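Here's a solo chain for you in structure tokens, the form deposited in one PDB entry.
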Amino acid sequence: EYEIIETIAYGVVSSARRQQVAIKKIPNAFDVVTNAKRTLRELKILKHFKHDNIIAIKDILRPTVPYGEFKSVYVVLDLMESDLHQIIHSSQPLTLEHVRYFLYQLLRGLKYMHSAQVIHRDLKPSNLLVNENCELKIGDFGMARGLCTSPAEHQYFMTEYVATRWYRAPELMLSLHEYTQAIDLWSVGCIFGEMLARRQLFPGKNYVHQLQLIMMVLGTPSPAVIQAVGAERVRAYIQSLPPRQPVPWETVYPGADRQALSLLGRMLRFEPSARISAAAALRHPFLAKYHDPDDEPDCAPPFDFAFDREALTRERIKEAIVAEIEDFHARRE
């Protein structure tokens, strides 16, 4: 039993006294197909992972009412005091060591997540929650996908609408037909840069301005990347602009830490294949202070998204979610 305090952005998330905990209500959870599918994914992802840098479900409330009348899902989580957006963009400290440590934990979480063939696809400071003990936890897995996706999804083709514009990888923006865990490392690059300057790296107002801002720092993309652009009109737009060499990161962040900018430069690249992985980034000298491979596990077995590729009705998705809630309780008790 619980007692509610105040409404906390993250849907209907309420602060509740029991020690304090977070309770998230998913109202009318089975009314819309896309929403219901998303809840099923999130439940399955968060039950799969067991990692101190990934948000964990602490409890799920079972239906008090009969099955038909079961309309809303209540999920209980550990109360986090803040998120990385609020920390960065406020009056509290954010030294280089804060940056170093927050980056370390994010990458630690991603190594584990990525080894299970799960791409978050929506990493940004507001999805990185921080408790009062400074533990960073990755949340909001609604956008996450595997390496394989069904054509039935609109996002399969319309990749430039995936997730948040300010943190969206070039492969998604330009539809480069290479969608790997590297998607997340671009986003990490953006978060890392944002931590160093305390302002967003690429705050684009629209599709074209977003590409402008990326090019103003990274320069014009290579012919291989340009030809890999699916849309002729985007391809033509890029070819119309004059040539531009990459701006060194030393200039973009004057007086910043050398090893930090070294690591940043290995994240923010146009080509997904060129980017450092989460695992390899943990071995970078910038994170040597915290790095310990024995305390940085992979996830086994891999996560399978097959359940999400099925064309299920609302009622069939409700059934799957209820089976996950039953299973949550059945494993422990």
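Rigid core: the largest C-alpha set superposing within 1.5 Å between the two forms. Residue numbers here begin at 1 and follow the sequence given.
There is another form of the same protein, the form deposited in another entry; it is not shown, and what comes next is about it.
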| query | finding |
| --- | --- |
| Position that moves between the shown form and the other one after core superposition, taken from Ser72, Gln259, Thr164, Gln212, with Cα shift of 2 Å or more | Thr164 |
| Core-superposed C-alpha of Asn131 shifting 2 Å or more between the shown form and the other one | yes |
| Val208 and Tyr161, C-alpha gap in that other deposited form relative to this structure (3 Å or more) | closer |
| Closer or farther in that other deposited form: C-alpha pair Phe141, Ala163 (3 angstroms or more) | farther |
